[PDB]
Number of protein chains: 6
Amino acid sequence: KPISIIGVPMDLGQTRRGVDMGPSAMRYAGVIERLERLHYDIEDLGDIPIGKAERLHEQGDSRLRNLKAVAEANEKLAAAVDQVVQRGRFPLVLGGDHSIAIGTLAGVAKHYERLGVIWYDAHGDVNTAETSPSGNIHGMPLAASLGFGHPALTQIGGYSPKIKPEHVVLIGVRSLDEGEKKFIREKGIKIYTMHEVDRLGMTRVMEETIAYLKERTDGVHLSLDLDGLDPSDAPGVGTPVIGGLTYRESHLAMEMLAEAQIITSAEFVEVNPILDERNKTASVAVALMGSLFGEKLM
Amino acid sequence: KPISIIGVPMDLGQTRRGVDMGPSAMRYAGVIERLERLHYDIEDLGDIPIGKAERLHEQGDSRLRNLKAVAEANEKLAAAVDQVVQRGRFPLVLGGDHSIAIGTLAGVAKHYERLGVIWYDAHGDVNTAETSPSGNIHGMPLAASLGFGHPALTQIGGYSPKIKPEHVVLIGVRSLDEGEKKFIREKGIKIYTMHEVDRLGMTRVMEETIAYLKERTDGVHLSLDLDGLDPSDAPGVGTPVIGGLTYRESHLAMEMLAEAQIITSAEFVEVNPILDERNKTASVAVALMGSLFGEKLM
Amino acid sequence: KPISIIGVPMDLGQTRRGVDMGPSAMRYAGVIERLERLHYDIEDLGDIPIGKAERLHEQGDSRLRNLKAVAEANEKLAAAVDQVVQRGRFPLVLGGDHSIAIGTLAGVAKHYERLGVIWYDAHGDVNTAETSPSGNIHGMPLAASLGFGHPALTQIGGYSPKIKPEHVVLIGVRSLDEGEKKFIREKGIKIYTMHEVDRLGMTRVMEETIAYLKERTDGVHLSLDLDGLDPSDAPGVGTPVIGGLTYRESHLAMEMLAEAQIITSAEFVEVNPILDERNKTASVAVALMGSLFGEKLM
Amino acid sequence: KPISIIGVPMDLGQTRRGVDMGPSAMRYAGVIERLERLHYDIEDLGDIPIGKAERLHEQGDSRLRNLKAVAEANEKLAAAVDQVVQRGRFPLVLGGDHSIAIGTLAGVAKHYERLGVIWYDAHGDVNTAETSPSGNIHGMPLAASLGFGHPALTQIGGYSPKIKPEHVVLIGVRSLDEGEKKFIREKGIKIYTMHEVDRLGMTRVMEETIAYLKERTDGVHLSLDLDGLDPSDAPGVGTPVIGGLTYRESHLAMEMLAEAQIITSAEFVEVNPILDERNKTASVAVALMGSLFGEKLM
Amino acid sequence: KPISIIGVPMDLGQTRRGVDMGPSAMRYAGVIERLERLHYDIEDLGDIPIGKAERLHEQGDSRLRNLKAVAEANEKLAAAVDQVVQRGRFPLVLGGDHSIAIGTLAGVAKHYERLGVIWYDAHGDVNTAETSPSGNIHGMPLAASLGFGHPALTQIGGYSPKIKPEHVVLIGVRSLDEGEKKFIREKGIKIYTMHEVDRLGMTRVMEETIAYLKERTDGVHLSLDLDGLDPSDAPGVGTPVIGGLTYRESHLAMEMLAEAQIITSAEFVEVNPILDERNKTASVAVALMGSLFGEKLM
Amino acid sequence: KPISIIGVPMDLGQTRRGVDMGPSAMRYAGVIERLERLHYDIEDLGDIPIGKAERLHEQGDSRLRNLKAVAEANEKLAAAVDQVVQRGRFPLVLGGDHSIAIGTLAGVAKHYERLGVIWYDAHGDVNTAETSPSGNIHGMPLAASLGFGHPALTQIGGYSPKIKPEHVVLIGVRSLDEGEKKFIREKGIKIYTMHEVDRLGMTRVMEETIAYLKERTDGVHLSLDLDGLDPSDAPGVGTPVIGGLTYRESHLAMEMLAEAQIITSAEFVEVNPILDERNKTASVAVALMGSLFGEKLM
Ligand SMILES: NCCC[C@H](N)C(=O)O
Ligand SMILES: NCCC[C@H](N)C(=O)O
Ligand SMILES: NCCC[C@H](N)C(=O)O
Ligand SMILES: NCCC[C@H](N)C(=O)O
Ligand SMILES: NCCC[C@H](N)C(=O)O
Ligand SMILES: NCCC[C@H](N)C(=O)O
Ligand SMILES: [Mn+2]
Ligand SMILES: [Mn+2]
Ligand SMILES: [Mn+2]
Ligand SMILES: [Mn+2]
Ligand SMILES: [Mn+2]
Ligand SMILES: [Mn+2]
Ligand SMILES: [Mn+2]
Ligand SMILES: [Mn+2]
Ligand SMILES: [Mn+2]
Ligand SMILES: [Mn+2]
Ligand SMILES: [Mn+2]
Ligand SMILES: [Mn+2]
């Protein structure tokens with residue numbers, strides 16, 4: 001299936017500037033060339049125009065920083081993504097902080113009876129204005145897409161929820177706020193924290209993950225946050241957490257998903273060139289994209 | 001169970017100065033805060049006064065450097081640890097080179113019918129004045145505790161031995177002197193060198209270890225030497241050995257022990273701030289302690 | 001005098017992508033805050049729209065890569081810069097590769113009887129299509145501004161030349177092509193290579209430079225290329241050259257210029273976040289700007 | 001069985017100079033001392049005289065660079081190795097780029113009814129003048145040994161092929177040329193790329209490998225290319241490829257081979273002191289040799 | 001003149017923990033051995049007992065954090081230093097944060113008609129409760145010793161001021177608060193910020209400094225703050241500032257003072273092992289002490 | 001004047017192995033290409049055959065380790081160098097540890113009425129068997145050349161002394177043994193330790209040096225030891241000493257010597273690839289040679 005790249009230069013979902021440079025950092029890391037080599041009909045639809053956020057002061061919720069700019073950008077993203085899917089193409093969204101997942105899922109989900117989600121991340125991203133300790137919207141996209149949160153975020157695309165909790169699998173988690181641990185526990189979301197990764201091994205985690213979703217979804221969206229990898233492998237992220245997944249574990253995961261042929265959409269987020277070591281993180285993202293799309297060693 | 005921290009600023013067990021700053025480096029790394037967050041009644045009993053060693057030439061044995069000072073300090077430690085156990089608390093000892101294990105086990109063992117020991121280390125620490133290639137007492141605490149060595153070390157606390165060989169499990173070993181290899185073989189001590197860890201995996205090593213000790217002990221003392229971790233993960237150690245356990249393997253181990261609920265006392269040794277990279281090692285120790293005491297990602 | 005910031009996201013002057021992110025990396029490095037603190041009326045006019053280069057094979061000259069896009073973007077820059085000068089403000093241009101100097105000088109020069117130029121760089125940037133060993137226009141802005149080269153570059157702004165050779169001072173040079181060595185020698189351009197900086201000292205080089213230009217110009221434009229600093233100090237540059245000026249030498253230079261009150265316009269170029277170590281270079285640029293604009297330690 | 005060391009200061013198999021210093025770097029890394037400690041009768045037969053290759057433009061060799069010099073050096077190596085085997089000694093060849101495998105296998109294979117080969121590498125080394133993308137002979141030794149390629153290479157030692165495809169096992173492969181992927185596919189060579197290593201684990205890979213060859217060979221030659229390890233573990237290699245085998249995985253592999261007692265000859269190649277970090281790579285090689293030859297932690 | 005070392009394990013003058021380990025970090029870096037080699041009668045009087053500070057809450061001034069504990073420790077220090085001077089020995093105080101300068105000068109000054117001070121630092125340390133932006137007493141010792149500040153600090157030793165502004169020379173300054181710039185300007189304190197160091201050179205700065213003080217003092221106290229050096233040379237400091245003095249500039253300074261024979265007392269402060277890279281900073285301090293005390297290359 | 005390169009793969013002058021690889025490391029660092037570009041008639045005479053030194057316990061040489069092998073290799077070097085000078089060529093010797101200076105000066109000095117020597121080093125190399133603290137002959141070449149030491153070393157070439165003390169200038173010295181300090185003092189050798197370099201500046205030191213020797217010699221031999229540069233600039237050296245000359249100071253020195261046209265012979269020693277960071281040190285050497293031979297920035 002032909003691919004369509006959409007860049008979302010977003011940084012309003014959090015506070016470290018530079019994550020808005022992720023789309024071009026990955027383009028510069030050679031994402032087009034990489035995918036063209038795999039004989040893909042790759043197309044670059046450019047970037048979603050993001051508006052500058054109103055200053056905190058006259059702005060409404062500190063528990064929902066930059067809500068309007070974030071909500072509007074995601075509206076545009078949802079539309080762009082919706083059209084790509086309608087055109088029969090695979091939407092590959094490049095971020096940008098994780099709050100863009102709200103728009104990506106808003107444009108994809110409407111097209112599936114039961115869309116599953118693989119949330120590759122160090123965080124759960126299931127906070128609300130009530131549970132969020134930062135007010136950073138990049139820490140709320142999964143909950144908002146599950147129908148939990150401010151209507152400005154939950155109603156993107158004119159419908160909700162975008163997905164069901166039983167159709168979500170979290171991988172590489174190692175930093176959850178108390179409210180989030182409770183949310184995960186109660187909504188019954190499937191999750192493999194680093195303990196399970198260390199205990200079971202990435203192979204078993206991926207096998208179980210793929211089998212689980214394949215048995216109850218009709219499309220799977222890969223929401224890959226680069227901070228899911230160890231800061232040593234992916235240094236250029238705004239909210240890094242030590243003791244993460246390795247470069248190899250990430251490739252195996254992508255390779256196993258490629259093989260499974262279950263990934264119907266994807267987004268690579270949180271790449272921040274301004275916090276990286278010579279574009280290393282964008283590079284990792286591009287390599288991981290290659291594996292996801294079927295690149296093989298043999 | 002409430003915890004009691006006892007710092008043992010000891011460096012007389014070896015030759016690299018600075019390991020005596022380990023207790024405070026770990027305190028500065030945030031051990032109290034870490035444990036309080038887990039809802040523990042934590043208490044800091046301060047440090048064991050360590051005397052200074054007498055003139056080397058007017059000392060008794062070259063194969064037992066600083067024997068007088070090491071033996072006396074361990075006497076004090078044993079008493080302090082004994083008291084804590086009597087009070088119904090968990091003794092958490094912060095070192096300090098590994099020679100302090102002699103005092104810790106001396107105050108703990110007397111309280112158990114069959115105390116088991118998990119020795120997480122790159123070394124076996126089963127040398128005697130005869131087999132020791134250095135004369136460094138930090139390389140003799142396990143043998144001494146098993147009743148093998150100079151009476152000045154074997155009789156700490158007025159009894160011996162503190163433990164039985166069949167109740168000991170060595171993990172992470174990758175540097176044994178010939179005499180020690182023979183000792184381990186002959187005393188029949190259970191051991192998982194890096195080969196076994198590489199071959200079986202930390203999960204299997206921990207499963208087997210926990211099952212073994214649980215089936216024949218009434219209390220388990222964790223003697224964790226930071227040099228058990230690779231120098232890249234734990235640079236601040238006096239006698240580093242490459243090709244060690246990773247940060248993740250160490251957390252999984254602690255996590256599986258917490259789960260097992262078998263650890264009745266513990267000590268984290270060999271942290272040397274003066275050989276470290278910005279208190280990295282003291283930090284690792286504190287994090288591993290959090291896991292040991294039940295900290296979880298989810 | 002109020003300042004006006006103009007970003008020129010240009011990378012068509014050379015081949016390393018990412019230098020187009022220099023303007024925003026410097027903004028993120030805090031250029032506005034830095035200057036506001038010095039009590040300046042600072043204004044950000046945004047960025048100059050840069051078009052994309054046409055197919056290489058259907059381009060006109062290999063010795064003048066991306067001539068069309070580079071020349072047109074420089075036209076826009078010249079206009080913007082011209083306007084700022086007319087408004088009574090100081091034009092502070094943020095790049096972007098060094099080819100943007102062509103546009104900056106084009107909008108500034110017309111306003112001075114004898115505009116002088118201080119070219120802080122590891123290179124001379126005095127190549128033509130004939131002498132250029134790369135075809136990279138970022139290696140031709142000084143010659144072009146002096147009236148030497150392709151008319152598409154020499155006629156920007158509708159006039160030429162922008163400056164006279166006798167009003168130019170090169171500082172920090174350590175990498176000149178043969179053609180350029182000849183050019184400098186023959187046009188009689190004042191130059192202080194690293195040898196002179198090492199032999200005389202930055203203080204003497206700056207004293208001599210300031211005295212020279214002050215005695216025969218009515219305005220001085222500072223064209224500061226970050227690669228003028230050693231790659232250890234400024235790692236984020238496309239064409240680094242070892243054995244460059246230090247961080248301290250650069251601050252002293254800016255500090256002595258501020259003192260002299262001779263700089264009437266400036267530009268900081270070649271900052272490439274994608275080749276940097278955590279925005280270090282953009283940071284250096286911002287600090288040097290603070291000094292240029294009068295920031296003092298006491 | 002007594003060991004005989006033969007250094008092959010070869011770099012004509014590729015383009016990065018310095019790999020000819022590999023033999024002395026490893027000797028200086030202490031190969032003799034290491035092996036003597038395991039009570040071996042170790043002997044150093046010095047180095048094979050390598051003749052400088054004539055100008056590429058003068059002698060016909062571009063898809064086969066330095067063919068004459070590489071073919072003759074390998075002739076000498078073949079003889080030296082043949083003689084060592086005849087004397088009842090184990091031939092331990094120290095390289096030198098991988099093209100020397102052609103000579104080593106040429107001197108060993110004639111002595112076995114069915115010699116197996118474990119090719120520990122990031123590459124397949126199964127290119128021919130037709131499929132080679134570089135013309136570097138170090139990328140053709142395995143194919144040439146299997147009887148595929150220029151006669152100057154396939155006929156070394158007066159016979160061919162030296163081995164059969166079904167008796168070859170590739171391990172750690174992560175960089176194969178298209179022609180090579182096809183070669184491996186069609187010749188039916190058993191291969192464990194990094195995907196299999198990540199998926200199955202080194203233990204499994206080694207178990208399967210040892211059992212496979214043990215069931216159908218009468219001798220097994222270990223051709224270990226240091227670039228099979230990750231560049232972070234083995235930095236001093238000419239053609240590094242990221243996402244490689246770890247230090248520990250390599251020790252386990254060597255340890256399990258020692259155990260199986262199947263390795264009848266070996267060569268450690270691609271060590272280049274001039275691209276390394278303080279002889280780190282030669283050191284890893286020496287250590288790995290210690291394990292291969294039975295060195296144990298316990 | 002014989003030397004007497006007094007360690008002041010102080011960290012209450014600021015907020016980064018670990019600076020209290022500076023005395024032993026320097027002892028471990030070999031300060032005694034170093035000075036003994038220069039044939040000195042060196043004596044170690046141990047450490048000043050420092051009391052733990054009352055918690056901020058019930059504590060008085062936030063503008064004067066830990067005032068009572070800091071004031072009391074300095075009382076003890078002043079007494080210890082006073083006696084050393086009385087015994088005809090040179091007081092060498094090892095810190096500990098800079099707030100200890102209050103006690104050192106309190107014990108020395110009473111013994112001189114006109115005691116001069118060389119304040120080697122990145123900061124001015126001339127803040128008061130009114131001008132301090134942090135409330136950190138380590139940022140007030142020079143002003144307090146000049147008679148400016150809270151009486152609890154200005155009256156240490158029962159007299160004030162300890163020195164006159166005209167007898168003070170600041171060197172390496174590059175980070176002054178506004179109040180401090182004003183204080184320096186108005187009290188007329190002689191100061192060489194990094195601008196003067198870069199402009200004049202360390203040699204001229206030291207020549208001018210030595211001549212100035214020698215012409216109007218009867219004793220000179222060297223208050224050396226390790227953060228006066230660049231964080232690359234002295235990484236282990238709590239409040240580092242980039243663009244500092246080099247290792248060589250520091251040795252030249254010490255060498256030139258040794259030669260001048262004007263230093264009658266000294267203290268090396270701010271060494272923090274917990275923020276350093278393998279005791280590098282304590283090491284630099286010990287080497288600098290060697291030069292100060294006459295160690296020479298020839 | 002045409003240049004003749006002679007490699008001397010010597011490491012018997014000290015204990016760190018690998019320095020025998022210095023000649024090829026520099027050749028690989030591009031010494032020929034570098035010099036040819038300056039339009040020189042460069043010729044490579046290969047390497048001097050060095051014989052392995054017999055066991056320390058078997059042949060009498062401990063205050064003079066490897067004396068036989070070092071004395072004879074230097075005999076051969078002396079002849080080779082003598083012949084090059086006779087042919088009217090400039091002898092450029094590539095080492096190899098510093099003991100090779102004995103042979104170089106032995107072949108050059110006989111051709112000059114008053115040969116001067118610039119000894120660029122961190123050491124003085126003026127030890128004798130009596131004063132040597134190591135027994136390493138690389139610490140005795142200058143004394144031996146001045147006619148002080150074992151006859152096996154002082155009589156190389158059939159004559160002595162090769163030079164007079166008043167015609168020697170040491171530069172960059174920062175590590176002298178007591179006997180050496182006395183030797184320099186008494187023989188009245190002109191010396192610029194790092195104190196003088198820091199105090200006067202490299203320009204001044206070089207000006208004074210050139211003028212001194214130019215006024216009283218008829219030829220000047222440059223004996224450049226790479227360890228004269230700081231270990232950060234030249235890491236690959238066996239006996240590094242911190243606080244050394246910078247890369248720039250070395251280039252200025254070489255540049256000023258080229259200018260003076262006084263250097264009639266030279267040798268670059270102590271390059272050890274096995275202790276370096278990717279041939280960095282050989283590279284600095286090559287670069288420094290380029291300058292010495294007239295390479296210029298402009
Ligand atoms: N996307 C990262 C979220 C980080 C954190 N858990 C928060 O809610 O602020
Ligand atoms: N604590 C490390 C012990 C090191 C060695 N086995 C010895 O006994 O010296
Ligand atoms: N801006 C760097 C210029 C590099 C070189 N002189 C060239 O013209 O290619
Ligand atoms: N031994 C490395 C070979 C790399 C590549 N397949 C080539 O043939 O050039
Ligand atoms: N001793 C450092 C003082 C730091 C700062 N100027 C302050 O007053 O907080
Ligand atoms: N060339 C280095 C010599 C170092 C020391 N002076 C010695 O003679 O051992
Ligand atoms: Mn996320
Ligand atoms: Mn995340
Ligand atoms: Mn231990
Ligand atoms: Mn240990
Ligand atoms: Mn430029
Ligand atoms: Mn440049
Ligand atoms: Mn290979
Ligand atoms: Mn390979
Ligand atoms: Mn201070
Ligand atoms: Mn300071
Ligand atoms: Mn030397
Ligand atoms: Mn030297």
# chains A, B, ... in the order shown; residues from 1 in each chain; ligands from 1
>>> residues_around(residues="range 146-149 of chain B", least_positions_apart="3", cutoff="7 Å", atoms="only C-alpha atoms", output="VMD selection string")
chain B and resid 128 to 129 142 to 143 153 to 154 160 to 165
>>> write_last_selection(atoms="N, CA, C and O atoms", output="mmCIF file, in the first residue's frame")
data_model
loop_
_atom_site.group_PDB
_atom_site.id
_atom_site.type_symbol
_atom_site.label_atom_id
_atom_site.label_comp_id
_atom_site.auth_asym_id
_atom_site.auth_seq_id
_atom_site.Cartn_x
_atom_site.Cartn_y
_atom_site.Cartn_z
ATOM 1 N N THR B 128 41.099 -16.435 51.811
ATOM 2 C CA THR B 128 41.599 -16.519 53.180
ATOM 3 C C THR B 128 42.979 -15.894 53.098
ATOM 4 O O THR B 128 43.437 -15.558 52.013
ATOM 5 N N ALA B 129 43.667 -15.774 54.226
ATOM 6 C CA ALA B 129 44.997 -15.190 54.218
ATOM 7 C C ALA B 129 45.908 -16.061 53.370
ATOM 8 O O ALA B 129 46.868 -15.585 52.782
ATOM 9 N N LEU B 142 32.822 -13.502 52.648
ATOM 10 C CA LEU B 142 31.950 -14.670 52.471
ATOM 11 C C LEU B 142 32.569 -15.935 53.088
ATOM 12 O O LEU B 142 31.895 -16.695 53.779
ATOM 13 N N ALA B 143 33.859 -16.151 52.857
ATOM 14 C CA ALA B 143 34.527 -17.311 53.437
ATOM 15 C C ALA B 143 34.520 -17.180 54.957
ATOM 16 O O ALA B 143 34.163 -18.119 55.658
ATOM 17 N N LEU B 153 38.284 -12.614 62.215
ATOM 18 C CA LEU B 153 37.186 -12.355 61.313
ATOM 19 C C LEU B 153 36.048 -13.367 61.449
ATOM 20 O O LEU B 153 34.860 -13.001 61.390
ATOM 21 N N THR B 154 36.409 -14.623 61.695
ATOM 22 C CA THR B 154 35.417 -15.680 61.833
ATOM 23 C C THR B 154 34.645 -15.678 63.135
ATOM 24 O O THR B 154 33.554 -16.253 63.202
ATOM 25 N N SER B 160 30.204 -18.798 65.314
ATOM 26 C CA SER B 160 30.575 -19.181 63.950
ATOM 27 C C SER B 160 30.134 -20.609 63.627
ATOM 28 O O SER B 160 30.053 -21.465 64.505
ATOM 29 N N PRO B 161 29.822 -20.875 62.356
ATOM 30 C CA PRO B 161 29.870 -19.901 61.261
ATOM 31 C C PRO B 161 28.555 -19.159 61.266
ATOM 32 O O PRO B 161 27.661 -19.498 62.033
ATOM 33 N N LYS B 162 28.437 -18.125 60.447
ATOM 34 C CA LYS B 162 27.173 -17.394 60.401
ATOM 35 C C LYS B 162 26.165 -18.069 59.481
ATOM 36 O O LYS B 162 24.976 -18.091 59.780
ATOM 37 N N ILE B 163 26.664 -18.700 58.420
ATOM 38 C CA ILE B 163 25.829 -19.355 57.415
ATOM 39 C C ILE B 163 26.476 -20.655 56.946
ATOM 40 O O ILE B 163 27.649 -20.921 57.234
ATOM 41 N N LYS B 164 25.701 -21.448 56.209
ATOM 42 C CA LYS B 164 26.153 -22.725 55.646
ATOM 43 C C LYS B 164 26.288 -22.531 54.139
ATOM 44 O O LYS B 164 25.478 -21.825 53.525
ATOM 45 N N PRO B 165 27.291 -23.177 53.514
ATOM 46 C CA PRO B 165 27.566 -23.093 52.071
ATOM 47 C C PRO B 165 26.375 -23.419 51.182
ATOM 48 O O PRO B 165 26.172 -22.801 50.136
#
>>> calpha_fit_rmsd(fixed="chain C", moving="chain E")
0.2 Å
>>> residues_near_ligand(ligand="ligand 7", cutoff="6 Å", atoms="only C-alpha atoms and all ligand atoms", output="PyMOL selection string")
chain A and resi 98+121+123+125+225
>>> write_last_selection(atoms="N, CA and C atoms", output="compact mmCIF listing (two decimals), in the first residue's frame")
# COMPACT_ATOMS: atom_id res chain seq x y z
N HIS A 98 3.81 13.98 21.38
CA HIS A 98 2.77 12.97 21.36
C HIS A 98 1.30 13.43 21.32
N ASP A 121 6.11 3.32 24.24
CA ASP A 121 6.44 4.54 24.97
C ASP A 121 6.97 4.23 26.37
N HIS A 123 6.03 6.28 28.73
CA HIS A 123 4.87 6.80 29.45
C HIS A 123 3.57 6.17 28.97
N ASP A 125 0.60 8.11 28.81
CA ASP A 125 -0.14 9.15 28.11
C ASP A 125 -1.65 9.06 28.32
N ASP A 225 6.64 6.36 20.24
CA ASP A 225 7.30 7.48 20.90
C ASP A 225 8.77 7.09 21.06
>>> select_by_dssp(residues="range 1-77 of chain C", states="helix (DSSP H, G or I)", output="PyMOL selection string")
chain C and resi 19-28+31-36+56-58+62-64+67-77
>>> residues_near_ligand(ligand="ligand 12", cutoff="12 Å", atoms="only C-alpha atoms and all ligand atoms", output="NGL selection string")
:C and (13-14 or 96-99 or 101 or 119-126 or 136-142 or 170-176 or 223-231 or 234 or 236-242 or 244 or 268-271)
>>> atom_distance(atom1="CA of residue 92 in chain C", atom2="CA of residue 288 in chain C")
12.7 Å
>>> closest_atom_pairs(of="chain B", to="chain D", cutoff="9 Å", atoms="only C-alpha atoms", output="Markdown table")
| residue | atom | partner | partner_atom | distance |
| --- | --- | --- | --- | --- |
| B:173 | CA | D:297 | CA | 7.2 |
| B:174 | CA | D:297 | CA | 5.1 |
| B:175 | CA | D:297 | CA | 6.2 |
| B:176 | CA | D:297 | CA | 6.7 |
| B:177 | CA | D:298 | CA | 9.0 |
| B:178 | CA | D:298 | CA | 8.7 |
| B:180 | CA | D:298 | CA | 8.8 |
| B:181 | CA | D:298 | CA | 5.7 |
| B:182 | CA | D:298 | CA | 8.8 |
| B:184 | CA | D:298 | CA | 8.5 |
| B:185 | CA | D:298 | CA | 8.6 |
| B:191 | CA | D:298 | CA | 8.7 |
| B:193 | CA | D:297 | CA | 6.5 |
| B:194 | CA | D:297 | CA | 7.7 |
| B:195 | CA | D:252 | CA | 6.1 |
| B:196 | CA | D:252 | CA | 8.9 |
| B:198 | CA | D:252 | CA | 6.5 |
| B:199 | CA | D:203 | CA | 5.5 |
| B:200 | CA | D:203 | CA | 7.9 |
| B:243 | CA | D:248 | CA | 6.0 |
| B:244 | CA | D:248 | CA | 8.2 |
>>> residues_around(residues="residue 6 in chain E", least_positions_apart="6", cutoff="10 Å", atoms="only C-alpha atoms", output="list in words")
residues 23, 43, 44, 45, 46, 47, 48, 77, 80, 81, 84, 91, 92, 93, 94, 95, 104 and 267 of chain E
>>> atom_distance(atom1="CA of residue 100 in chain F", atom2="CA of residue 74 in chain F")
6.1 Å
>>> residues_around(residues="residue 69 in chain C", least_positions_apart="2", cutoff="10 Å", atoms="only C-alpha atoms", output="list in words")
residues 10, 12, 13, 50, 51, 52, 53, 54, 65, 66, 67, 71, 72, 73, 74 and 75 of chain C
>>> write_last_selection(atoms="N, CA and C atoms", output="compact mmCIF listing (two decimals), in the first residue's frame")
# COMPACT_ATOMS: atom_id res chain seq x y z
N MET C 10 18.12 28.97 5.13
CA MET C 10 18.83 28.58 3.91
C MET C 10 19.86 27.46 4.06
N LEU C 12 20.68 25.86 0.77
CA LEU C 12 20.99 25.70 -0.65
C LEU C 12 22.36 26.23 -1.03
N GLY C 13 23.01 26.92 -0.10
CA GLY C 13 24.34 27.44 -0.39
C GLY C 13 25.40 26.36 -0.25
N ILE C 50 12.14 30.57 1.47
CA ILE C 50 13.17 30.07 0.58
C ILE C 50 12.51 29.00 -0.29
N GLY C 51 12.66 29.12 -1.60
CA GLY C 51 12.06 28.12 -2.48
C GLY C 51 12.93 26.89 -2.57
N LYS C 52 12.41 25.84 -3.18
CA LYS C 52 13.20 24.63 -3.33
C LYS C 52 13.91 24.66 -4.68
N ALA C 53 15.15 24.16 -4.70
CA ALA C 53 15.97 24.11 -5.90
C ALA C 53 15.40 23.18 -6.97
N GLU C 54 15.59 23.53 -8.24
CA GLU C 54 15.10 22.69 -9.32
C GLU C 54 16.05 21.53 -9.60
N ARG C 65 25.78 25.63 -7.86
CA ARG C 65 24.64 24.84 -7.42
C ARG C 65 23.52 25.69 -6.83
N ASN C 66 22.29 25.35 -7.20
CA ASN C 66 21.09 26.03 -6.70
C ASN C 66 21.10 27.56 -6.85
N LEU C 67 21.77 28.05 -7.89
CA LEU C 67 21.87 29.48 -8.17
C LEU C 67 20.54 30.23 -8.19
N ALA C 71 19.80 32.86 -5.35
CA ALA C 71 19.74 34.25 -5.82
C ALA C 71 18.40 34.91 -5.50
N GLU C 72 17.32 34.15 -5.67
CA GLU C 72 15.99 34.70 -5.41
C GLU C 72 15.72 34.93 -3.93
N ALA C 73 16.17 33.99 -3.10
CA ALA C 73 16.00 34.09 -1.66
C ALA C 73 16.81 35.30 -1.17
N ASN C 74 18.00 35.48 -1.72
CA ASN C 74 18.85 36.61 -1.34
C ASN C 74 18.20 37.94 -1.77
N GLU C 75 17.38 37.90 -2.82
CA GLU C 75 16.70 39.10 -3.27
C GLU C 75 15.70 39.51 -2.21
>>> residues_around(residues="residue 168 in chain D", least_positions_apart="6", cutoff="9 Å", atoms="only C-alpha atoms", output="ChimeraX atom specification")
/D:115-119,189-191,213
>>> residues_around(residues="residue 257 in chain C", least_positions_apart="6", cutoff="12 Å", atoms="only C-alpha atoms", output="VMD selection string")
chain C and resid 118 203 205 to 211 213 to 214 220 to 222 250 to 251 263 to 266 288 to 295
